[PDB]
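Let me begin by presenting the structure, written as structure tokens, before commenting on it.
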Amino acid sequence: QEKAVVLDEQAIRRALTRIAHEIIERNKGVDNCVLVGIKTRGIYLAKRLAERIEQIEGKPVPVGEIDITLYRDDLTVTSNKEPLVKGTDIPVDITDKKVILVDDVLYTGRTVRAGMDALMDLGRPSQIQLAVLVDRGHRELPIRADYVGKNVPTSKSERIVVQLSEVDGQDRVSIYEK
Ligand code: NA
């Protein structure tokens with residue numbers, strides 16, 4: 001191989017179920033919670049989390065979306081990417097609510113920073129928490145996940161690839177060199 005599998009299909013499901021239980025334990029229930037996915041894959045994970053939480057607790061948790069594209073300022077291969085928020089769609093008011101941002105992979109933190117800015121443009125949440133499927137390290141901003149599916153040690157020359165059915169017809173997270 002040129003890649004290694006760091007979360008297989010069963011492990012992604014197990015991670016999400018653990019995250020769902022952790023959100024319930026931390027918030028003592030889900031009363032005023034709202035899940036907001038970052039980018040297409042984060043939006044799909046948020047919907048999966050909302051489905052699990054509904055199975056556990058029998059209350060529906062609303063799910064919204066923040067659409068973001070990351071750009072480099074140059075022609076090089078820097079992880080230092082600058083986010084642009086392209087759109088939002090959250091179906092409920094977030095003021096005085098507990099918003100849980102959902103990110104597929106936490107790396108630099110720069111996408112999560114943009115997500116937080118976008119939320120504050122829309123309302124005044126009492127809290128913003130962060131759930132991530134993979135934390136690969138190498139923060140460039142002082143950002144930490146509240147809920148982590150799997151910690152995956154990485155170097156900056158490695159890339160994480162996330163496949164989910166809804167987007168690839170398969171669920172898998174892999175790591176490659178280069
Ligand atoms: Na993504």
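Each chain of the structure tokens is named A, B, ... in the order shown, its residues numbered from 1; ligands are numbered from 1 in display order.
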
Find the spatial neighbours of region 86-95 of chain A, counting only C-alpha atoms, within a cut-off of 9 Å - ignore same-chain residues fewer than 6 positions away - and output them as a list in words.
residues 32, 33, 34, 36, 62, 63, 64, 65, 66, 67, 68, 69, 118, 119, 122, 123, 124, 125 and 126 of chain A

Please find the residues contacting ligand 1 at a distance of at most 9 Å between atoms, with only C-alpha atoms and all ligand atoms counted, and report them as a compact mmCIF listing (two decimals) with N, CA and C atoms, in the first residue's frame.
# COMPACT_ATOMS: atom_id res chain seq x y z
N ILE A 38 -19.36 21.45 9.82
CA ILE A 38 -18.44 22.27 9.00
C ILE A 38 -18.06 21.53 7.75
N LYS A 39 -18.44 22.10 6.59
CA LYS A 39 -18.21 21.50 5.27
C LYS A 39 -19.04 20.27 5.01
N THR A 40 -18.96 19.74 3.79
CA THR A 40 -19.89 18.70 3.41
C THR A 40 -19.78 17.49 4.35
N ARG A 41 -18.54 17.05 4.60
CA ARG A 41 -18.30 15.81 5.41
C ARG A 41 -18.67 16.07 6.85
N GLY A 42 -18.44 17.27 7.35
CA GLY A 42 -18.86 17.58 8.72
C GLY A 42 -20.36 17.65 8.89
N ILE A 43 -21.08 18.12 7.86
CA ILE A 43 -22.51 18.20 7.86
C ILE A 43 -23.09 16.74 7.91
N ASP A 103 -16.46 18.73 13.08
CA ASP A 103 -15.38 18.84 12.10
C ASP A 103 -14.87 17.45 11.83
N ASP A 104 -14.68 17.06 10.56
CA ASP A 104 -14.17 15.71 10.31
C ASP A 104 -12.76 15.47 10.87
N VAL A 105 -11.85 16.37 10.60
CA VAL A 105 -10.48 16.27 11.04
C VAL A 105 -10.02 17.58 11.63
N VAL A 161 -7.32 11.44 4.41
CA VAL A 161 -8.50 11.35 3.52
C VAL A 161 -9.69 10.67 4.23
N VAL A 162 -10.82 11.39 4.23
CA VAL A 162 -12.08 10.95 4.78
C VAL A 162 -13.07 10.61 3.67

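Among the residues of region 38-85 of chain A, backbone DSSP assigns strand (DSSP E or B) to residues 38, 63, 64, 65, 66, 67, 68, 69, 70, 71, 82, 83, 84 and 85 of chain A.
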
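Within 8 Å of residue 166 (chain A), once only C-alpha atoms are used and residues closer than 3 positions along the same chain are dropped, the contacting residues are residues 44, 169 and 170 of chain A.
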
Only N, CA, C and O atoms, please: the residues just picked out, written as a PDB file, in the first residue's frame.
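Saved file again09.pdb follows:
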ATOM      1  N   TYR A  44     -22.524  15.839   7.107  1.00  0.00           N
ATOM      2  CA  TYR A  44     -22.922  14.413   7.137  1.00  0.00           C
ATOM      3  C   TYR A  44     -22.655  13.783   8.474  1.00  0.00           C
ATOM      4  O   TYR A  44     -23.539  13.150   9.025  1.00  0.00           O
ATOM      5  N   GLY A 169     -19.622   6.626  -1.453  1.00  0.00           N
ATOM      6  CA  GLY A 169     -20.132   5.257  -1.485  1.00  0.00           C
ATOM      7  C   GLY A 169     -19.341   4.275  -0.634  1.00  0.00           C
ATOM      8  O   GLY A 169     -19.566   3.046  -0.740  1.00  0.00           O
ATOM      9  N   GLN A 170     -18.410   4.820   0.182  1.00  0.00           N
ATOM     10  CA  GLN A 170     -17.708   4.082   1.253  1.00  0.00           C
ATOM     11  C   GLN A 170     -17.375   4.980   2.502  1.00  0.00           C
ATOM     12  O   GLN A 170     -17.140   6.163   2.359  1.00  0.00           O
TER      13      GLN A 170
END

Rounded to one decimal, what separation in Å do you get between CA of residue 143 (chain A) and CA of residue 109 (chain A)?
5.8 Å

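Distances here use only C-alpha atoms; by that measure, the residue among A:133, A:128, A:96, A:81 closest to residue 111 (chain A) is A:81.
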
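Excluding residue 110 (chain A) itself and any same-chain residue fewer than 6 positions from it, the protein and nucleic acid residues within 9 Å of it, counting only C-alpha atoms, are residues 70, 80, 81, 82, 83, 139, 140, 141 and 143 of chain A.
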
Contact check, region 92-144 of chain A to region 3-22 of chain A, at most 10 Å, counting only C-alpha atoms, closest pairs as a tab-separated table:
residue	atom	partner	partner_atom	distance
A:131	CA	A:19	CA	7.4
A:132	CA	A:19	CA	8.7
A:133	CA	A:15	CA	7.1
A:134	CA	A:7	CA	8.9
